[PDB]
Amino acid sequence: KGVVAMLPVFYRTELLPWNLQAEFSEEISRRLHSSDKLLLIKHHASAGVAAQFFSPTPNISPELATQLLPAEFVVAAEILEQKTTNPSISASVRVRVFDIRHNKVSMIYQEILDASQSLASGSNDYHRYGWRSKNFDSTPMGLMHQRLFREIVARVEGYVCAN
């Protein structure tokens, strides 16, 4: 199994009763944990150590990655946007994976993944049916999120295991 560290999800910016970054961090973390392809470590990386992996052009010395050891790979997912507009709700995430083996830091995967769902597909009462509630996964946002989280982890698994 590839040994991975997940950074808190990055989101640069509210009518939602929960924090989108917190949902995305937990839901991706739960799926990397459940993956039998990936061993998800617990780390305590500082704000600045995590943040460097989200710089558009990263510059990360080996010294600046040691807080993520003993992971071999660092998963850095950024929410670029979640928006509405057959009006729909959509979200876009930039996924990066870095290889931090061998006292080096290299970005081995970068891709923008996205998902969209018709707002008519279910209820948009995100206070009655918000994240964690039973029926969130039946709302347009929850359906969209579920597919996106599944794709994010499938891609991470593929690129980690390829390497």
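Counting begins at 1, following the sequence as shown.
The stretch with the higher mean CA B factor, choosing between 20 to 28 and 137 to 145, is 137 to 145. The question of which stretch, 87 to 95 or 69 to 77, has the higher mean Cα B factor is settled in favour of 87 to 95.
Per the PDB record, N103 has a higher Cα B-factor than any other of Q110, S46, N59, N103.
Within the selection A120, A51, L64, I41, the deposited Cα B-factor values reach their highest point at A120. In the PDB entry, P8 places in the lowest third of its chain by CA B-factor.
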